[PDB]
Amino acid sequence: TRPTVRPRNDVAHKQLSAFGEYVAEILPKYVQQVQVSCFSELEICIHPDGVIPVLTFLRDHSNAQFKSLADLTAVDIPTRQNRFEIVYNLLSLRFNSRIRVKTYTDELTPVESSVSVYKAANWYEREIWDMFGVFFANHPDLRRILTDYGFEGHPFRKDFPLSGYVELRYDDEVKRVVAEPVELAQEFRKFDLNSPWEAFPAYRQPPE
Amino acid sequence: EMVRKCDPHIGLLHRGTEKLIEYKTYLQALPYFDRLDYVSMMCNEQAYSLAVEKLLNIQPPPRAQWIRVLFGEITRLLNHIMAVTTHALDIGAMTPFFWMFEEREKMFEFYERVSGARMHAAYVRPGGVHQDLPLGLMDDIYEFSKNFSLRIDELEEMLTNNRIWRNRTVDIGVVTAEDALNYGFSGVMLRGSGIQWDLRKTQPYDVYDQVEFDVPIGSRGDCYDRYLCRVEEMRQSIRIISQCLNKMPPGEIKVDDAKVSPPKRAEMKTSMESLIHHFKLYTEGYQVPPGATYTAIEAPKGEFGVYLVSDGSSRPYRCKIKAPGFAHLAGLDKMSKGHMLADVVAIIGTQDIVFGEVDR
Amino acid sequence: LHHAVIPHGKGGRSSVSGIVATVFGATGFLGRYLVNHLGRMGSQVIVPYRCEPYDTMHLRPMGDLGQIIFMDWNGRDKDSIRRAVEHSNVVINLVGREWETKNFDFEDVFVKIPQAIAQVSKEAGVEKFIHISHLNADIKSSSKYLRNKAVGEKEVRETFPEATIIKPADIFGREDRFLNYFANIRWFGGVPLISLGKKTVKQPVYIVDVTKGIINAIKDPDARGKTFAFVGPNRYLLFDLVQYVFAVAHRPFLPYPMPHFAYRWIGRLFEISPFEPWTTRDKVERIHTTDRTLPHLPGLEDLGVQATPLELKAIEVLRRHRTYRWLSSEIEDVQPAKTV
Amino acid sequence: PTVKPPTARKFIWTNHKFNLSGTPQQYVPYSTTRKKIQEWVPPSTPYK
Amino acid sequence: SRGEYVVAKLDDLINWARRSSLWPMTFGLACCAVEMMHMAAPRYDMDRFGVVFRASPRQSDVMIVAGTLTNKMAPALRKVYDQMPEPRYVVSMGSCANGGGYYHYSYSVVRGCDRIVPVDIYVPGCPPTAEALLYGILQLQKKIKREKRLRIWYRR
Amino acid sequence: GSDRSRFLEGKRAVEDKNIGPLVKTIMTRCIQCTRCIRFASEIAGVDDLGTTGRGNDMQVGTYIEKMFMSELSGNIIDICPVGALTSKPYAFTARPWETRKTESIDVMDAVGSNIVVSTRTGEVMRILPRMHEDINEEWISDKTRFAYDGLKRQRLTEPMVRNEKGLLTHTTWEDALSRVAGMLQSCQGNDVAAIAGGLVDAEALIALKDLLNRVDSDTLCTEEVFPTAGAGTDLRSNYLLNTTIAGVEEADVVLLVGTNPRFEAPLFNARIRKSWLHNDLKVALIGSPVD
Amino acid sequence: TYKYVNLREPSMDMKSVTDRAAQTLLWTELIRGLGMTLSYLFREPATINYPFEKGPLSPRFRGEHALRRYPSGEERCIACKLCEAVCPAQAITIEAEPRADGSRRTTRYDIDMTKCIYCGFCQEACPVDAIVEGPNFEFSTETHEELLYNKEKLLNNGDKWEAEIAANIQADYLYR
Amino acid sequence: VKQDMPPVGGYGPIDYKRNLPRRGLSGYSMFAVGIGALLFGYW
Amino acid sequence: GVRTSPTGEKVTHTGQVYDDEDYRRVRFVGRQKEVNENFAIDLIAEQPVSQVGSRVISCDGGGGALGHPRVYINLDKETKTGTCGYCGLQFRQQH
Amino acid sequence: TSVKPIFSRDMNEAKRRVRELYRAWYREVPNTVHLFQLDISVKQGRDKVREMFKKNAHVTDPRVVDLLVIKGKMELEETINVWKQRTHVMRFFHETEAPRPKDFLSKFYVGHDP
Amino acid sequence: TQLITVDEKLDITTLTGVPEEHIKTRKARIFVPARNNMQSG
Ligand SMILES: NC(=O)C1=CN([C@@H]2O[C@H](COP(=O)(O)OP(=O)(O)OC[C@H]3O[C@@H](n4cnc5c(N)ncnc54)[C@H](OP(=O)(O)O)[C@@H]3O)[C@@H](O)[C@H]2O)C=CC1
Ligand code: SF4
Ligand code: SF4
Ligand code: SF4
Ligand code: SF4
Ligand code: SF4
Ligand SMILES: [K+]
Ligand SMILES: [Zn+2]
């Protein structure tokens, strides 16, 4: 497995396992799962009431010092009853390390904004309002950031189609850029590309 | 003209890239990344390629790694020529714009000779690169790099010692180090503020731990130190390019797994397994094992990350794009407190923003 | 009914509306909004243009790809008209001029050209032909425009039996020469009229209502052979109309009467250059000509088109002429003009 | 190509054309497929 | 006749003055702005063709829509186009400005700027080369050269 | 499998067979898995496919110029894991990744075969089976599989009314429905009646039944004469297949009276053959001695 | 492994203080910048004389699309739809049927040149070298639908540019 | 095999440092030239 | 070998021609219907049938990697020539 | 059934926030007609505000109407500040769109949509 | 307390931005997709 297969880092795997045990037993009030992947990245799956007590911990504890908010992310998975999955990628420049902090919400539950911890989030969760409809309470200036001003809907939700519902054109009658319902000159062709054979037996799920 | 509040309304180039990535395969999602940071094409290719190769549990050959680093440093020369020359254009010196776009034109010719398109190459692919270097390309890269030092020298002659340039950059846009980290700044926006951090040193990828270069660090967090950091990153990019030309290895340029990389056309048209693999790669695509990763590299603007979520199929389930310019343009609101309209333009210059990756 | 002209879609931009229209004179004021309303249904619109193609540029975003076909034609060329109308299932004529020129007088523009267009549309099998006359078309009229237009209306009827002839009274819009004629006479001395312009009665019609009437006549099979008279919902005098025009434009209004003795001579005073004449004696005879009331001809409401009054759209027409000191004003500023 | 001439083929154009757009020799797009649904032509004899 | 010769030479004069003094406005949107800058670069050098940047729309002739027109900047494109004096021209650069491009099926992309502005020249590429953009500008100059403004005016 | 090759030799090339107008046969692709033979012997009951030759020259075929024509002769296109037996009407037109699947019902027989109508850009490309353990287990008849292309010929696209010459002219919906309803208003009782065809859904059937009951017309008819004397259509149990299609898998004596279930309802015959083979069913027939 | 840009304390002897004051009062670096600008004045500029001189290209260059033919007249496209399956913009639309001599050939082969991203995935996915992305790039149009190529325009581009496409593929194909 | 490779002894040296070569007169010489021009103009 | 419809319009190698009553000929009014006058089905008829003495012939279309994938063609049918599925070059065994 | 609120503990505080939002839009509409120099009356804009509020007059969930108040105040923030333009305000008036067929007979005449 | 008790039905139809025509006049279909009978997988 030398030339093609990626060389596994077992030292970082063991160290992230130990630090995941560390974070899991310092904060048992909110930490639900702790997992380390094959390419040695750590996820602390927590409760959405624990946005501030976890992220202020990792930013300020002397063994964590996760000073840089790299990436704040939402993931829409509609098969769950809390469909949206909020992801915090954190960087500790002191310990040369990266951690992930994951939690959940549905359309209606407000997630606690983390601008009192990381001001870097001031736009990102704003984007999560603009794209996913996840409301963030106690946000300073929460509004849209990436879509058009009169845009109705949250685009990156998976029940929202690829093309929207309205499209624009300039209209010479009213001398104005107007929105009609969307019509395509060619339909976006859907490619059913899933092979019917199980590619990975290691990720096999148990049946019902 | 004393600025009281800046509200950057963006989304004027938001095209919904990362929802279009959800409906196309990985090879079809690769040319979206050339169009995010449209002056840093192969750096975004390299970031997405490292993300997919991290999820695939495979690695490139050595030659493809050195090609990735060589053209990533050519890409870094491209981006810092764009940064410095448009920053001097926006302050008012429109001359080294024209002086350095000839050099940038020649590096676009290097892209055209190696991939066939001058800007968006679709070249650094998951599995290495697409196509091997044409003969005599490295000799012309050497002929470029041998002479590019004098071009940096005459740019630095025009602007660095100049007092009009120091009047527009030295007390302008000062960023403290704790507010740099707490705003998610990355790259030169940290390094102008004196923070010792660079992702090619601290979290090393393909063969950057095998090259030797120095990481320029500022002292005052202003536009002038970020200018000097960009110029010295062009210097050290020429240094890495010399080390990559001297230490290029022979061998292949794709990973030799034909269930990831496409087989060669001379053996696709002869072998049956290679034709089946060519068919199923250019129609279905390779199945990525399920899971999420955050792969961040040192793009010439800073930490460029792909948070890639795969669901076992041959298409990404989710592809979040962390751009440096997003957090930098968030920090524009603090950086313009206590300056003027003729300084907010220089702060937009010193935050090297390309709005494709800011807007997706 | 061929399969390519069967109506598909939801009637949007990129649908197939089943209408193939040759709109003669589409580069003008009416043809602009007609191609606007046709191309947003997804109609094949053939635009034969005489002018520079640059003056057709605004016709290009008005429909989907391959829904507008621009082509040259000459007014005295039946070959170009046969080259244009041979594929259409409707031909709408809009060729007109407020003034007569060296090459084309009113007999060429109104009598010869629409008769040639209707003759070629007849012998090429076009189903629907729509002609746009004027409401005051009279053989005994005092103006050459209305006489030649009534003669051309008669000839269009007698060479096309199913011709839908439409009578607008006075069309106003953003690019009209009815409210913009009234609003661009302010620095000339005080808007001269005959008997202060209170002996002539008008009812202007809005161009979107005219366009909706033309297109609902395209889609009505019961409009074949009919003759329509598109008039507004309210009848004004001319004096209180000009009052209301200068009152929406927030302009000083100092009128004075101007009789026959020299107000037909300001025609030959104001076409002395070969440009567009700012006013002409035919326009003088037509501004001071009252709109006739024809109850027997159907109108907008007989096609299901609601006639929009002037008090809703005069602000939209006349905001262009306010200087700066009353640009940002309201529609609730002007007391409306009295009807008759 | 006075030193290395291109390989002669029966189908390569003898006469090179420039950009014909703007002229009546320009490209016009059209579908290259035939009719999909063949309509029923009713019988031309009367039904009596 | 004589007057046909007069208006023909005046048309050639004004078409020469308008094709050899095109002033494009500084208007980029996306990746194609980089290659438009390379069409201004010293290799290709727009400025030798009389083609020089003017920042305001009032003082410019041709609007090169270079990049992706989204739904949020469609009225900004239209008001920039409207605030150009006549004659104004539009060159469409790149696939997204032509027909929606690589982001064609997106919720927030105006599928071509020909939905918004009247487009004269379509320059194809992703991005088109700066040589191809300079080709599109020279074809726009050829389109201005064969305009017949005063000939049609003397014949109308 | 692996990702590359070692076979540096010359491959075999097998002569292509002619087994019908439905099955395009490219026998170089045949991996000799014998699903042809097992399907034709055990389900289709044909016993006319086989393996001639021996070794690497062994060929699946018929050995003669014989045309494989059963009522299930297209299902060998389904089970062939390679492209040796392709669908000749479907052939070269489409490609399965760009096809849209629509799970529909057959109407060609009264078995009710679950099918996939797989289309592409608003045009019906082909008809695949669906699995249903109680109807058509994963098979369909050849009529079901290959009658999709009569659905794009002879079609009625526009309304037609008789003109003054008594010929059908194309008309609108307003004119056609007005000229129907004018005659509809002048009827009552037995003045108006209705014949239902063979392919009409229950929605349109109760639509026309309610429309003729608004005229108070009890006369609505079908083309198929079911006898009404006795219980008639009142009790459902004397016009259904009362046991099930799957009930053949529990039966041990099947008496077939006055029918040819091979062609009237072919997958019911396939279920009778499967019970004949596996449960040792004893089948008798009253009728003409058909195969 | 790191260096400090702008961490030089200026010397404070009378020599260097007088040098900096003469730099302030007599503008040394401004004359240095004017000297560098004057040094670029006297150079041969890098402006090629387009359209008479053309910028340098490689045989890998990705321009206008073209369908090739075999050296027998038979076109190479055998309707396998890999090029529209790999096409990241879905610019390619293919519909086929068996033609009169039973060959698997296309009836519709459309490439929308206003969706196309010119990335050459179709020429590297095509298993018979049928679609290639040729060397022409000066194919600008005055009309939008002239960049909606059907099969006939792509075959005419192939028959137009085959004498160059064959030589580019001949010089390049060993790298593929 | 034939491949784009660097030569045998490697490529030559590639300069990458700051090279601003300190041209011009000193301060005192420039003040002397200027004051001499002043004195000649005054005389 | 392009043939022309009775309406005056050329016919493509597919067979596509607009009917006489179809309005969509108006896109060619004043312009041209671009067809390619080198039909592939007529240029492959002009190729000679290659006589070989083998039982199975291999075809790659000429050029090696510049042609199509190499496929193997059986020539047992003395009636019918073995046409290659990619290039259309048809082969015959001379016995 | 125990969920976490947003601002409103029940329907009464939610209707209070809807009522304050209606007050704010009713104050905003004359300035919206003025500074955008729209071609409609003030009463027509107030009718459109009434229609857009009566569109959502059926919800008995406090979190949903809290989010509707939040989205309405975002619309109001984009209206008071000139962030929307004449086009984004006049998108509420579906003017260029033809009136869709509402009865069964004309929908049957023109298309397949029920 | 920091929680409420919503007794009503979870319904977000006013929040998704979907027009009414693509809410009520559509018919969602919830199904395990049938096996492609070309393939035993
Ligand atoms: N107030 C009004 O506008 C009213 C108008 N009408 C009638 O409605 C029609 C449309 O009116 P409107 O658009 O406002 O008028 P315009 O003068 O603005 O438009 C006339 C159109 O016809 C073309 N045209 C004019 N003269 C000739 C000619 N001699 N040969 C060929 N083409 C020619 C023009 O193109 P080009 O640039 O080439 O000249 C233009 O496209 C006319 O027939 C007019 O008489 C009736 C009642 C009221
Ligand atoms: S057409 Fe393509 S390469 Fe060009 S600006 Fe658009 S996204 Fe960028
Ligand atoms: S089913 Fe296919 S592979 Fe199997 S024996 Fe028949 S033809 Fe050969
Ligand atoms: S698709 Fe299957 S049967 Fe067809 S050639 Fe390939 S491996 Fe053989
Ligand atoms: S170059 Fe790319 S975008 Fe263009 S047709 Fe080929 S695969 Fe599609
Ligand atoms: S062009 Fe090539 S890849 Fe595309 S369908 Fe034709 S043969 Fe296949
Ligand atoms: K098969
Ligand atoms: Zn061959």
# chains A, B, ... in the order shown; residues from 1 in each chain; ligands from 1
$ residues_around --residues "residue 59 in chain E" --least-positions-apart "4" --cutoff "10 Å" --atoms "only C-alpha atoms" --output "PyMOL selection string"
chain E and resi 23-25+53-55+83-85
$ write_last_selection --atoms "N, CA and C atoms" --output "short mmCIF file (atom, residue, chain, number, x, y, z; two decimals), in the first residue's frame"
data_model
loop_
_atom_site.label_atom_id
_atom_site.label_comp_id
_atom_site.auth_asym_id
_atom_site.auth_seq_id
_atom_site.Cartn_x
_atom_site.Cartn_y
_atom_site.Cartn_z
N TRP E 23 -14.49 54.56 -26.51
CA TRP E 23 -14.03 54.68 -25.13
C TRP E 23 -14.82 53.71 -24.28
N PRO E 24 -14.29 52.52 -23.99
CA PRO E 24 -15.02 51.60 -23.12
C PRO E 24 -14.97 52.08 -21.69
N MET E 25 -16.01 51.73 -20.95
CA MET E 25 -16.07 52.08 -19.55
C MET E 25 -15.40 51.00 -18.71
N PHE E 53 -9.86 53.59 -21.44
CA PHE E 53 -10.84 53.55 -20.36
C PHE E 53 -11.34 54.95 -20.02
N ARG E 54 -12.64 55.06 -19.81
CA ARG E 54 -13.23 56.23 -19.16
C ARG E 54 -14.15 55.72 -18.06
N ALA E 55 -13.94 56.21 -16.84
CA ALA E 55 -14.56 55.58 -15.68
C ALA E 55 -16.05 55.87 -15.59
N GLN E 83 -27.40 55.13 -18.36
CA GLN E 83 -26.67 56.37 -18.14
C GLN E 83 -25.46 56.51 -19.06
N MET E 84 -25.48 55.88 -20.23
CA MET E 84 -24.58 56.04 -21.36
C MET E 84 -25.26 56.87 -22.45
N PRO E 85 -24.56 57.83 -23.05
CA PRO E 85 -25.17 58.63 -24.11
C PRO E 85 -25.29 57.84 -25.41
#
$ residues_around --residues "residue 24 in chain K" --least-positions-apart "3" --cutoff "12 Å" --atoms "only C-alpha atoms" --output "list in words"
residues 113 and 114 of chain J; 13, 18, 19, 20, 21, 27 and 28 of chain K
$ write_last_selection --atoms "N, CA and C atoms" --output "CSV table (one decimal), in the first residue's frame"
chain,number,residue,atom,x,y,z
J,113,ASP,N,-51.8,22.6,-16.6
J,113,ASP,CA,-51.6,22.8,-15.2
J,113,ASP,C,-53.0,22.9,-14.5
J,114,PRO,N,-53.2,22.1,-13.5
J,114,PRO,CA,-54.5,22.1,-12.8
J,114,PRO,C,-54.7,23.3,-11.8
K,13,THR,N,-44.9,26.6,5.6
K,13,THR,CA,-45.2,26.9,4.2
K,13,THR,C,-45.1,28.4,3.9
K,18,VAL,N,-41.7,29.3,-1.4
K,18,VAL,CA,-42.3,28.6,-2.5
K,18,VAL,C,-43.6,29.3,-2.9
K,19,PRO,N,-43.9,29.6,-4.2
K,19,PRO,CA,-45.2,30.1,-4.5
K,19,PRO,C,-46.3,29.1,-4.3
K,20,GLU,N,-47.5,29.6,-4.2
K,20,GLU,CA,-48.6,28.8,-3.8
K,20,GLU,C,-48.9,27.7,-4.8
K,21,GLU,N,-48.7,28.0,-6.1
K,21,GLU,CA,-49.0,27.1,-7.2
K,21,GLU,C,-48.1,25.8,-7.1
K,27,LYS,N,-48.0,17.1,-6.4
K,27,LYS,CA,-48.2,15.9,-5.7
K,27,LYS,C,-46.8,15.2,-5.5
K,28,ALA,N,-46.3,15.3,-4.3
K,28,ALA,CA,-45.1,14.6,-4.0
K,28,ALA,C,-45.3,13.1,-3.9
$ atom_distance --atom1 "CA of residue 114 in chain E" --atom2 "CA of residue 34 in chain C"
19.0 Å
$ residues_around --residues "range 12-24 of chain H" --least-positions-apart "3" --cutoff "9 Å" --atoms "only C-alpha atoms" --output "list in words"
residues 142, 145, 146, 147, 148, 149, 150, 152, 153, 154, 156, 157, 232, 234, 235, 236, 237, 238, 239, 242 and 246 of chain B; 28 and 32 of chain G; 9 of chain H
$ residues_around --residues "residue 141 in chain C" --least-positions-apart "4" --cutoff "10 Å" --atoms "only C-alpha atoms" --output "ChimeraX atom specification"
/C:136-137,145-148,150,285-286,289
$ write_last_selection --atoms "N, CA and C atoms" --output "PDB file, in the first residue's frame"
ATOM      1  N   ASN C 136     -60.267  59.918 -35.968  1.00  0.00           N
ATOM      2  CA  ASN C 136     -60.812  61.041 -36.714  1.00  0.00           C
ATOM      3  C   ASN C 136     -60.571  60.925 -38.211  1.00  0.00           C
ATOM      4  N   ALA C 137     -60.505  59.708 -38.744  1.00  0.00           N
ATOM      5  CA  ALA C 137     -60.316  59.523 -40.175  1.00  0.00           C
ATOM      6  C   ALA C 137     -61.579  59.934 -40.920  1.00  0.00           C
ATOM      7  N   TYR C 145     -53.453  64.268 -43.315  1.00  0.00           N
ATOM      8  CA  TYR C 145     -53.234  63.034 -42.558  1.00  0.00           C
ATOM      9  C   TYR C 145     -54.500  62.198 -42.473  1.00  0.00           C
ATOM     10  N   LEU C 146     -55.581  62.809 -41.989  1.00  0.00           N
ATOM     11  CA  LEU C 146     -56.804  62.065 -41.731  1.00  0.00           C
ATOM     12  C   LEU C 146     -57.514  61.680 -43.019  1.00  0.00           C
ATOM     13  N   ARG C 147     -57.426  62.524 -44.051  1.00  0.00           N
ATOM     14  CA  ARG C 147     -57.997  62.182 -45.350  1.00  0.00           C
ATOM     15  C   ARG C 147     -57.292  60.980 -45.963  1.00  0.00           C
ATOM     16  N   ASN C 148     -55.955  61.028 -46.026  1.00  0.00           N
ATOM     17  CA  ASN C 148     -55.199  59.907 -46.574  1.00  0.00           C
ATOM     18  C   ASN C 148     -55.322  58.657 -45.717  1.00  0.00           C
ATOM     19  N   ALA C 150     -58.059  57.802 -43.967  1.00  0.00           N
ATOM     20  CA  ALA C 150     -59.372  57.224 -44.240  1.00  0.00           C
ATOM     21  C   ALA C 150     -59.410  56.546 -45.604  1.00  0.00           C
ATOM     22  N   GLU C 285     -53.738  71.221 -37.252  1.00  0.00           N
ATOM     23  CA  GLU C 285     -55.120  70.882 -37.571  1.00  0.00           C
ATOM     24  C   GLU C 285     -55.614  69.664 -36.799  1.00  0.00           C
ATOM     25  N   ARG C 286     -54.713  68.794 -36.338  1.00  0.00           N
ATOM     26  CA  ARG C 286     -55.137  67.604 -35.607  1.00  0.00           C
ATOM     27  C   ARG C 286     -55.188  67.785 -34.094  1.00  0.00           C
ATOM     28  N   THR C 289     -58.598  69.293 -33.518  1.00  0.00           N
ATOM     29  CA  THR C 289     -59.692  68.485 -34.039  1.00  0.00           C
ATOM     30  C   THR C 289     -60.228  67.609 -32.919  1.00  0.00           C
TER      31      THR C 289
END
$ residues_near_ligand --ligand "ligand 5" --cutoff "7 Å" --atoms "only C-alpha atoms and all ligand atoms" --output "PyMOL selection string"
chain G and resi 83-84+86-92+111+115-123+133
$ select_by_dssp --residues "range 82-169 of chain A" --states "strand (DSSP E or B)" --output "PyMOL selection string"
chain A and resi 84-92+97-105+111-112+136-137+166-169
$ write_last_selection --atoms "N, CA, C and O atoms" --output "short mmCIF file (atom, residue, chain, number, x, y, z; two decimals), in the first residue's frame"
data_model
loop_
_atom_site.label_atom_id
_atom_site.label_comp_id
_atom_site.auth_asym_id
_atom_site.auth_seq_id
_atom_site.Cartn_x
_atom_site.Cartn_y
_atom_site.Cartn_z
N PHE A 84 -30.88 20.82 9.79
CA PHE A 84 -29.71 21.64 9.53
C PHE A 84 -28.62 21.30 10.53
O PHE A 84 -28.90 21.05 11.71
N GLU A 85 -27.38 21.29 10.06
CA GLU A 85 -26.25 20.84 10.85
C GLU A 85 -25.18 21.92 10.78
O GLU A 85 -24.55 22.11 9.74
N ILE A 86 -24.98 22.61 11.89
CA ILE A 86 -24.07 23.75 11.95
C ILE A 86 -22.68 23.25 12.33
O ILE A 86 -22.52 22.50 13.29
N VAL A 87 -21.68 23.66 11.55
CA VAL A 87 -20.32 23.15 11.65
C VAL A 87 -19.38 24.32 11.90
O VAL A 87 -19.41 25.31 11.16
N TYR A 88 -18.54 24.21 12.93
CA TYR A 88 -17.53 25.21 13.28
C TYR A 88 -16.16 24.59 13.08
O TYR A 88 -15.78 23.68 13.81
N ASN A 89 -15.41 25.08 12.10
CA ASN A 89 -14.03 24.66 11.93
C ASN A 89 -13.13 25.66 12.65
O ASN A 89 -13.16 26.86 12.34
N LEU A 90 -12.34 25.17 13.60
CA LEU A 90 -11.52 26.01 14.46
C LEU A 90 -10.06 25.64 14.27
O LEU A 90 -9.72 24.47 14.08
N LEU A 91 -9.20 26.66 14.35
CA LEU A 91 -7.76 26.52 14.20
C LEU A 91 -7.09 27.04 15.46
O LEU A 91 -7.34 28.17 15.88
N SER A 92 -6.24 26.20 16.06
CA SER A 92 -5.35 26.61 17.14
C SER A 92 -3.97 26.81 16.54
O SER A 92 -3.32 25.84 16.12
N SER A 97 -3.23 22.98 15.33
CA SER A 97 -4.26 21.96 15.32
C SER A 97 -5.56 22.51 14.74
O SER A 97 -5.79 23.71 14.71
N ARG A 98 -6.41 21.59 14.29
CA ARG A 98 -7.72 21.93 13.76
C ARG A 98 -8.76 21.03 14.41
O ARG A 98 -8.55 19.82 14.54
N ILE A 99 -9.88 21.62 14.82
CA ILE A 99 -10.96 20.87 15.43
C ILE A 99 -12.25 21.27 14.72
O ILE A 99 -12.33 22.31 14.07
N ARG A 100 -13.25 20.40 14.82
CA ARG A 100 -14.56 20.66 14.27
C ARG A 100 -15.59 20.50 15.38
O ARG A 100 -15.50 19.58 16.19
N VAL A 101 -16.55 21.42 15.42
CA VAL A 101 -17.58 21.46 16.45
C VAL A 101 -18.92 21.49 15.74
O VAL A 101 -19.26 22.47 15.07
N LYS A 102 -19.70 20.42 15.87
CA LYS A 102 -20.90 20.25 15.08
C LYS A 102 -22.12 20.20 15.99
O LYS A 102 -22.06 19.67 17.10
N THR A 103 -23.22 20.75 15.50
CA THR A 103 -24.47 20.77 16.24
C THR A 103 -25.62 20.82 15.24
O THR A 103 -25.40 20.75 14.02
N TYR A 104 -26.84 20.97 15.73
CA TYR A 104 -28.03 20.78 14.91
C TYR A 104 -29.08 21.84 15.20
O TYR A 104 -29.07 22.47 16.25
N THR A 105 -29.99 22.01 14.23
CA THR A 105 -31.23 22.76 14.41
C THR A 105 -32.20 22.36 13.31
O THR A 105 -31.83 21.70 12.34
N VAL A 111 -30.44 29.18 16.80
CA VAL A 111 -29.13 28.80 17.32
C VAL A 111 -28.53 30.04 17.95
O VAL A 111 -28.76 31.16 17.48
N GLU A 112 -27.79 29.87 19.04
CA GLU A 112 -27.16 31.02 19.68
C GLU A 112 -26.00 31.52 18.83
O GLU A 112 -25.11 30.74 18.47
N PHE A 136 -30.35 33.21 14.03
CA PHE A 136 -29.31 33.32 15.04
C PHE A 136 -29.68 34.45 15.99
O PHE A 136 -29.62 35.63 15.61
N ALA A 137 -30.06 34.10 17.21
CA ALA A 137 -30.50 35.09 18.18
C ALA A 137 -29.30 35.86 18.72
O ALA A 137 -28.19 35.35 18.78
N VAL A 166 -38.24 32.44 -9.56
CA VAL A 166 -38.37 33.61 -10.41
C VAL A 166 -37.06 33.83 -11.14
O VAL A 166 -35.98 33.47 -10.67
N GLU A 167 -37.17 34.42 -12.33
CA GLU A 167 -36.03 34.84 -13.12
C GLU A 167 -36.25 36.29 -13.52
O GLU A 167 -37.37 36.81 -13.44
N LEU A 168 -35.19 36.95 -13.96
CA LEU A 168 -35.28 38.36 -14.30
C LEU A 168 -35.19 38.57 -15.80
O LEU A 168 -34.63 37.75 -16.53
N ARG A 169 -35.76 39.68 -16.24
CA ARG A 169 -35.54 40.20 -17.58
C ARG A 169 -35.82 41.69 -17.54
O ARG A 169 -36.57 42.17 -16.69
#
